[PDB]
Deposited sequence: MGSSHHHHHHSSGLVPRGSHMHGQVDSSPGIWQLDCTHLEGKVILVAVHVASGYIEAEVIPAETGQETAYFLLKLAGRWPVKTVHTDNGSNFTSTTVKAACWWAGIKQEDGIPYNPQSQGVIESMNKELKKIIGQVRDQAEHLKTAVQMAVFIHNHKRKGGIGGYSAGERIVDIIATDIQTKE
């Protein structure tokens, strides 16, 4: 449960890009729809995440965001250690692929309800983070993990 570590994950749907940050120890996520994954979009997403949770380390999702000066500048600004996201544990690739599939399935389940993709993605964030698996939810786990770490 290393309380400060997050992983970036970028997935595609409807010609659009969904950027996800996963808190690795809990499975809790935040996500956004963007028109394309650029360093600027990723840097802004990181700044938002790190203002909201104590982001110590981020495993970036690809080499272009690992390289990006703009991403490195947001990581410097927000006190984040930027790392690569090489699956030294190969069970990592499989966990992220399954989350993406789960997220896309929830997006499909909420399509009668959202006119824009960005709404369906935030409904999927909500359902993902509140899902009991404990059975604790990922929202409960990340709070428990970080609070234990503060104490």
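S.K.: No C-alpha coordinates means not modelled. Give me those stretches of the deposited sequence in order.
M.R.: The deposited sequence has unmodelled segments at 1 to 26, 160 to 162, 181 to 183.
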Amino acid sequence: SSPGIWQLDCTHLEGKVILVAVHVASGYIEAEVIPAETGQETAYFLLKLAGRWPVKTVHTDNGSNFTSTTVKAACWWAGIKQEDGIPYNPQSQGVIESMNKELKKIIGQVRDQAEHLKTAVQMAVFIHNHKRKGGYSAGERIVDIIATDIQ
From here on, numbers count along this sequence of modelled residues.
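S.K.: Quick check: 88 to 96 versus 24 to 32, which has the larger average CA B-factor in the record?
M.R.: Between 24 to 32 and 88 to 96, it is 88 to 96.
S.K.: Looking at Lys118, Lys48, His59, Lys101, which has the highest Cα B-factor in the entry?
M.R.: Of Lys118, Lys48, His59, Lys101, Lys101 has the highest C-alpha B-factor.
S.K.: Checking the record values for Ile142, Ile127, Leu13, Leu19, which has the greatest CA B factor?
M.R.: Among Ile142, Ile127, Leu13, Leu19, the highest C-alpha B-factor in the entry belongs to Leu13.
S.K.: With respect to C-alpha B-factor, does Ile5 fall in the lowest, middle or highest third of the chain as deposited?
M.R.: Middle third, going by the recorded CA B-factors of the chain.
S.K.: Looking at the entry's B-factor column for C-alpha atoms only, identify whether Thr42 ranks in the lowest, middle or highest third of its chain.
M.R.: Within its chain, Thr42 is a lowest-third residue by C-alpha B-factor, going by the deposited values.
S.K.: Of the three thirds of its chain by CA temperature factor, lowest, middle or highest, which one includes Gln122?
M.R.: As the PDB entry reports it, the C-alpha B-factor of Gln122 lands in the lowest third of its chain.
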